[PDB]
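J.: Okay, here's the structure, questions in a sec.
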Amino acid sequence: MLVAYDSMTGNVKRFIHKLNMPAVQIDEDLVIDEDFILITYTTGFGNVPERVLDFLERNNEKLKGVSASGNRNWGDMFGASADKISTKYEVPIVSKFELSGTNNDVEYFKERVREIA
Ligand SMILES: Cc1cc2nc3c(=O)[nH]c(=O)nc-3n(C[C@H](O)[C@H](O)[C@H](O)COP(=O)(O)O)c2cc1C
Ligand SMILES: C[As](C)(=O)[O-]
Ligand SMILES: [Zn+2]
Ligand SMILES: [Zn+2]
Ligand SMILES: [Zn+2]
Ligand SMILES: [Zn+2]
């Protein structure tokens with residue numbers, strides 16, 4: 001399965017290189033042709049980065065799940081970008097992880113995508 005992602009300070013980018021899966025960085029022209037999983041980071045107060053919101057307005061029909069990178073020091077706003085995406089588009093939250101993730105976060109993501117695919 002194809003993974004689409006965005007990263008501002010490189011933590012999500014580090015995570016997706018640990019997956020060894022087909023992966024594409026989001027941009028303004030990208031149209032995705034097949035089922036995909038989104039990995040986003042989380043902006044202040046539980047939000048979705050604008051570039052990701054823009055991409056999803058165009059690409060949500062093929063979206064099959066979302067994961068968020070965040071930080072537990074945000075409390076119940078931890079990874080809430082995934083909550084908002086999941087609620088809006090009616091897709092599962094694959095996983096939440098902190099920062100660039102642990103090895104267990106990597107393996108869990110892959111097991112959950114295998115289940116959804
Ligand atoms: C200004 C700022 C606000 C953030 N707000 C949240 C938040 O509301 N919830 C959360 O879980 N993480 C939050 N984070 C943490 C980031 O989502 C986290 O560092 C993430 O790994 C960044 O991914 P990136 O390095 O790929 O850009 C915030 C980080 C910054 C610098
Ligand atoms: C070409 As890539 C996997 O660093 O987005
Ligand atoms: Zn690379
Ligand atoms: Zn916009
Ligand atoms: Zn917009
Ligand atoms: Zn709260």
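Ligands are numbered from 1 in the order shown, chains are lettered A, B, ... in the order of the structure tokens, and residues start at 1 in each chain.
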From a DSSP pass on the backbone, collect the residues of range 6-59 of chain A flagged as helix (DSSP H, G or I) and hand them back as a ChimeraX atom specification.

T.: /A:11-19,50-59

J.: Can you write just those residues out, N, CA, C and O atoms, as an mmCIF file, in the first residue's frame?

T.:
```
data_model
loop_
_atom_site.group_PDB
_atom_site.id
_atom_site.type_symbol
_atom_site.label_atom_id
_atom_site.label_comp_id
_atom_site.auth_asym_id
_atom_site.auth_seq_id
_atom_site.Cartn_x
_atom_site.Cartn_y
_atom_site.Cartn_z
ATOM 1 N N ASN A 11 10.365 14.842 11.334
ATOM 2 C CA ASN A 11 10.051 13.664 12.175
ATOM 3 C C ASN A 11 9.197 12.641 11.430
ATOM 4 O O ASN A 11 9.495 11.435 11.432
ATOM 5 N N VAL A 12 8.125 13.075 10.769
ATOM 6 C CA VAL A 12 7.326 12.150 9.948
ATOM 7 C C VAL A 12 8.188 11.590 8.822
ATOM 8 O O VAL A 12 8.117 10.401 8.473
ATOM 9 N N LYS A 13 9.048 12.421 8.214
ATOM 10 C CA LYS A 13 9.885 11.919 7.129
ATOM 11 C C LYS A 13 10.789 10.813 7.644
ATOM 12 O O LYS A 13 10.984 9.777 6.974
ATOM 13 N N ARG A 14 11.364 10.961 8.825
ATOM 14 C CA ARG A 14 12.159 9.893 9.429
ATOM 15 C C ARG A 14 11.322 8.626 9.622
ATOM 16 O O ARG A 14 11.783 7.521 9.274
ATOM 17 N N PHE A 15 10.127 8.779 10.152
ATOM 18 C CA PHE A 15 9.231 7.618 10.344
ATOM 19 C C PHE A 15 8.982 6.873 9.036
ATOM 20 O O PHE A 15 9.117 5.660 8.942
ATOM 21 N N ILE A 16 8.640 7.615 7.963
ATOM 22 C CA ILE A 16 8.263 6.874 6.760
ATOM 23 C C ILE A 16 9.470 6.174 6.163
ATOM 24 O O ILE A 16 9.322 5.107 5.559
ATOM 25 N N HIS A 17 10.712 6.663 6.345
ATOM 26 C CA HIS A 17 11.869 5.917 5.825
ATOM 27 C C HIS A 17 12.043 4.610 6.623
ATOM 28 O O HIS A 17 12.485 3.637 6.054
ATOM 29 N N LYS A 18 11.614 4.540 7.871
ATOM 30 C CA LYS A 18 11.720 3.311 8.620
ATOM 31 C C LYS A 18 10.733 2.235 8.131
ATOM 32 O O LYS A 18 10.918 1.044 8.386
ATOM 33 N N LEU A 19 9.674 2.614 7.415
ATOM 34 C CA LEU A 19 8.688 1.687 6.936
ATOM 35 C C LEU A 19 9.125 0.827 5.757
ATOM 36 O O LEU A 19 8.654 -0.291 5.599
ATOM 37 N N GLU A 50 -2.001 22.935 7.114
ATOM 38 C CA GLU A 50 -2.769 23.416 5.971
ATOM 39 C C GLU A 50 -2.456 22.685 4.696
ATOM 40 O O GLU A 50 -3.382 22.424 3.906
ATOM 41 N N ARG A 51 -1.203 22.376 4.424
ATOM 42 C CA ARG A 51 -0.838 21.686 3.182
ATOM 43 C C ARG A 51 -1.559 20.345 3.107
ATOM 44 O O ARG A 51 -1.997 19.922 2.034
ATOM 45 N N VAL A 52 -1.677 19.659 4.238
ATOM 46 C CA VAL A 52 -2.412 18.376 4.306
ATOM 47 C C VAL A 52 -3.913 18.572 4.101
ATOM 48 O O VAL A 52 -4.549 17.808 3.360
ATOM 49 N N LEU A 53 -4.472 19.609 4.728
ATOM 50 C CA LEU A 53 -5.915 19.874 4.504
ATOM 51 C C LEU A 53 -6.214 20.123 3.026
ATOM 52 O O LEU A 53 -7.187 19.636 2.440
ATOM 53 N N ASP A 54 -5.343 20.924 2.385
ATOM 54 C CA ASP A 54 -5.487 21.240 0.958
ATOM 55 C C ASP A 54 -5.417 19.960 0.071
ATOM 56 O O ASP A 54 -6.232 19.747 -0.820
ATOM 57 N N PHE A 55 -4.407 19.097 0.365
ATOM 58 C CA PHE A 55 -4.244 17.850 -0.360
ATOM 59 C C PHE A 55 -5.483 16.982 -0.198
ATOM 60 O O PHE A 55 -5.977 16.364 -1.145
ATOM 61 N N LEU A 56 -5.993 16.889 1.027
ATOM 62 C CA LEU A 56 -7.147 16.019 1.268
ATOM 63 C C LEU A 56 -8.424 16.554 0.628
ATOM 64 O O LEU A 56 -9.289 15.757 0.196
ATOM 65 N N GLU A 57 -8.595 17.875 0.548
ATOM 66 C CA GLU A 57 -9.783 18.382 -0.132
ATOM 67 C C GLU A 57 -9.829 17.839 -1.549
ATOM 68 O O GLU A 57 -10.919 17.581 -2.023
ATOM 69 N N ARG A 58 -8.691 17.594 -2.168
ATOM 70 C CA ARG A 58 -8.626 17.111 -3.541
ATOM 71 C C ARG A 58 -8.579 15.589 -3.582
ATOM 72 O O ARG A 58 -9.020 14.974 -4.530
ATOM 73 N N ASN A 59 -8.049 14.900 -2.581
ATOM 74 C CA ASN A 59 -7.680 13.493 -2.685
ATOM 75 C C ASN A 59 -8.345 12.536 -1.748
ATOM 76 O O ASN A 59 -7.994 11.376 -1.669
#
```

J.: Show me which residues are within 7 Å of ligand 2 counting only C-alpha atoms and all ligand atoms, and format the list as a list in words.

T.: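 Answer in the requested format: residues 17, 23, 24 and 25 of chain A.
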
J.: Keeping only C-alpha atoms, write the selected residues to a file as an mmCIF file, in the first residue's frame.

T.:
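File selection.cif, as written:
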```cif
data_model
loop_
_atom_site.group_PDB
_atom_site.id
_atom_site.type_symbol
_atom_site.label_atom_id
_atom_site.label_comp_id
_atom_site.auth_asym_id
_atom_site.auth_seq_id
_atom_site.Cartn_x
_atom_site.Cartn_y
_atom_site.Cartn_z
ATOM 1 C CA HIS A 17 11.869 5.917 5.825
ATOM 2 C CA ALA A 23 5.812 6.495 -0.063
ATOM 3 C CA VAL A 24 5.155 9.907 -1.615
ATOM 4 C CA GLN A 25 5.580 13.405 -0.147
#
```

J.: Which residues, written as an NGL selection string, have at least one atom at most 12 Å from residue 47 in chain A, with only C-alpha atoms counted and residues fewer than 5 positions away on the same chain left out?

T.: :A and (40-42 or 52-53 or 68-70 or 74 or 77-85)

J.: Generate a file of the selected residues that holds N, CA and C atoms, formatted as a CSV table (one decimal), in the first residue's frame.

T.:
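For reference, again_37.csv as written:
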```csv
chain,number,residue,atom,x,y,z
A,40,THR,N,0.3,12.3,8.8
A,40,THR,CA,0.4,13.7,9.0
A,40,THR,C,1.1,13.9,10.4
A,41,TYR,N,1.7,15.1,10.5
A,41,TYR,CA,2.0,15.6,11.8
A,41,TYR,C,0.8,16.5,12.4
A,42,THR,N,1.0,17.0,13.6
A,42,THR,CA,-0.1,17.8,14.3
A,42,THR,C,0.4,19.2,14.6
A,52,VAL,N,-1.7,19.7,4.2
A,52,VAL,CA,-2.4,18.4,4.3
A,52,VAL,C,-3.9,18.6,4.1
A,53,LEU,N,-4.5,19.6,4.7
A,53,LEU,CA,-5.9,19.9,4.5
A,53,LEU,C,-6.2,20.1,3.0
A,68,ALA,N,-1.2,9.8,12.8
A,68,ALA,CA,-0.6,11.1,13.2
A,68,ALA,C,0.7,10.9,14.0
A,69,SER,N,1.7,11.7,13.7
A,69,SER,CA,2.8,12.0,14.6
A,69,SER,C,2.3,13.2,15.4
A,70,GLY,N,2.7,13.2,16.7
A,70,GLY,CA,2.4,14.3,17.6
A,70,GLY,C,3.4,14.2,18.8
A,74,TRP,N,1.0,17.5,24.6
A,74,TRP,CA,-0.3,18.1,24.2
A,74,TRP,C,-1.5,17.5,24.8
A,77,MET,N,-5.0,16.6,23.1
A,77,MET,CA,-4.8,17.1,21.8
A,77,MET,C,-3.6,16.3,21.1
A,78,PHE,N,-3.1,15.3,21.7
A,78,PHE,CA,-2.1,14.4,21.1
A,78,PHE,C,-2.6,13.8,19.9
A,79,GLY,N,-2.0,14.0,18.7
A,79,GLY,CA,-2.3,13.4,17.5
A,79,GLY,C,-3.7,13.7,17.0
A,80,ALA,N,-4.3,14.8,17.4
A,80,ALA,CA,-5.8,15.0,17.2
A,80,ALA,C,-6.0,15.4,15.7
A,81,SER,N,-4.9,15.7,15.0
A,81,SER,CA,-5.1,15.8,13.5
A,81,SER,C,-5.7,14.5,12.9
A,82,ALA,N,-5.3,13.3,13.4
A,82,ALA,CA,-5.9,12.1,13.0
A,82,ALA,C,-7.4,12.0,13.4
A,83,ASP,N,-7.8,12.5,14.6
A,83,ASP,CA,-9.2,12.5,14.9
A,83,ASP,C,-10.0,13.3,14.0
A,84,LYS,N,-9.5,14.5,13.6
A,84,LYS,CA,-10.3,15.3,12.7
A,84,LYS,C,-10.4,14.7,11.3
A,85,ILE,N,-9.4,14.2,10.8
A,85,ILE,CA,-9.4,13.6,9.5
A,85,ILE,C,-10.3,12.3,9.5
```

J.: Restricting the calculation to only C-alpha atoms: of A:48, A:111, A:93, A:117, which residue gets closest to residue 2 in chain A?

T.: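 That would be A:117, the residue with the smallest distance to residue 2 in chain A.
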
J.: Mind pulling up the distance from CA of residue 8 in chain A to CA of residue 98 in chain A?

T.: 14.6 Å

J.: Can you measure atom 18 (C, counted along the ligand's line) of ligand 1 to CA of residue 28 in chain A for me? One decimal in Å is fine.

T.: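 Going from atom 18 (C, counted along the ligand's line) of ligand 1 over to CA of residue 28 in chain A covers 22.0 Å.
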
J.: Can you pull out the residues contacting residue 108 in chain A? Cut-off 10 Å, using only C-alpha atoms, and skip same-chain residues under 6 positions away; I want them as a ChimeraX atom specification.

T.: /A:94-96,102,114

J.: Generate a file of the selected residues that holds N, CA and C atoms, formatted as a PDB file, in the first residue's frame.

T.:
```
ATOM      1  N   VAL A  94      -5.287   4.679  11.850  1.00  0.00           N
ATOM      2  CA  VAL A  94      -4.351   3.573  11.820  1.00  0.00           C
ATOM      3  C   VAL A  94      -3.545   3.519  13.110  1.00  0.00           C
ATOM      4  N   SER A  95      -2.951   4.642  13.530  1.00  0.00           N
ATOM      5  CA  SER A  95      -2.127   4.731  14.718  1.00  0.00           C
ATOM      6  C   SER A  95      -1.825   6.202  15.019  1.00  0.00           C
ATOM      7  N   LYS A  96      -1.343   6.415  16.235  1.00  0.00           N
ATOM      8  CA  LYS A  96      -0.739   7.664  16.694  1.00  0.00           C
ATOM      9  C   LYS A  96       0.650   7.335  17.256  1.00  0.00           C
ATOM     10  N   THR A 102       8.896   4.998  17.589  1.00  0.00           N
ATOM     11  CA  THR A 102       9.761   3.904  18.042  1.00  0.00           C
ATOM     12  C   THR A 102       9.715   2.765  17.045  1.00  0.00           C
ATOM     13  N   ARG A 114      -1.775  -3.557   6.997  1.00  0.00           N
ATOM     14  CA  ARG A 114      -2.028  -4.876   6.359  1.00  0.00           C
ATOM     15  C   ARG A 114      -3.479  -5.276   6.602  1.00  0.00           C
TER      16      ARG A 114
END
```

J.: What separation in Å, quoted to one decimal, exists between CA of residue 110 in chain A and atom 27 (O, counted along the ligand's line) of ligand 1?

T.: 20.8 Å

J.: So which residues of chain A fall under strand (DSSP E) by DSSP, listed as a ChimeraX atom specification?

T.: /A:2-5,23-25,36-40,63-70,93-98

J.: Which of these, A:88, A:62, A:72, A:112, has the shortest distance to residue 36 in chain A once you count only C-alpha atoms?

T.: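 Ranked by minimum distance to residue 36 in chain A, first place goes to A:62.
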